[PDB]
Amino acid sequence: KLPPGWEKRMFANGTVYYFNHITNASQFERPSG
Ligand SMILES: *[C@H]1O[C@@H](CO)[C@@H](O)[C@H](O)[C@H]1O
């Protein structure tokens with residue numbers, strides 16, 4: 001689904017984002033869109 005090292009995440013308010021476990025980077029929008 002996601003590009004290398006990326007996975008789906010979510011804030012405690014119910015808002016969804018993307019996070020990279022290899023580099024600790026994050027985006028609100030889909031990585032390599
Ligand atoms: C959840 O709410 C968002 C919109 O206010 C943003 O502030 C953040 O992703 C979280 O705090």
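For the sequence shown, the deposited numbering begins at 1 and goes up steadily by one. Quick reminder that beta carbons are idealized off the backbone N, C-alpha and C, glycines included.
- In this structure, ligand 1 has no non-hydrogen atom nearer than 6 Å to the beta-carbon of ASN24.
- In the three-state scheme derived from DSSP, where H, G and I count as helix and E and B as strand, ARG30 is classed as coil.
- Closer than 6 Å to some heavy atom of ligand 1: that describes the Cβ of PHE11.
- Scanning its chain for C-beta atoms nearer than 8 Å, with the 5 sequence neighbours on each side dropped, one finds around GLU29 the residues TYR18, in chain order.
- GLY14 and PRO3 have their C-alpha atoms some 23 Å from each other.
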